[PDB]
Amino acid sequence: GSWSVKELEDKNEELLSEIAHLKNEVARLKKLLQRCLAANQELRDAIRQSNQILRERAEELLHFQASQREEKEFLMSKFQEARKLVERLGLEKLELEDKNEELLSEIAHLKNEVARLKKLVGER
């Protein structure tokens, strides 16, 4: 047969020792694959969260901005009506000051006239 009993028993023990190594290797790789898929699950969980935060930061920024534009607009309207009031009041104060000057000019004339006339009453 060419191979004797002793030669085949020796080969059989070599194949058994090789099965033992390959079984150990299968066990080691099953354990690495398991830990690797666990780590994959944590990274997909992390990615999703980072994205959920990105999306909420972006909507928040849009509501805040619309809110800000509404209060800036209302404050500007209050400022502009106050500034118009300043200019209107300035303009009425000036027309009134001008009237008062005419009135005082008339009063000056009327006081000169009563003086002239009182001197003439003192001489009749």
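We number the residues from 1 along the sequence you see.
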Task: 28 to 36 set against 63 to 71, stretch whose average Cα temperature factor tops the other in the entry - done: 63 to 71
TODO: Decide which of the stretches 74 to 82 and 52 to 60 has the higher mean C-alpha B-factor, going by the entry.
DONE: 52 to 60
Task: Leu22, C-alpha B-factor rank within chain (lowest, middle or highest third) - done: lowest
TODO: Place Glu113 in the lowest, middle or highest third of its chain's C-alpha B-factors, as listed in the PDB entry.
DONE: middle
Task: Third of the chain's Cα B-factor distribution that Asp10 belongs to, per the entry - done: highest
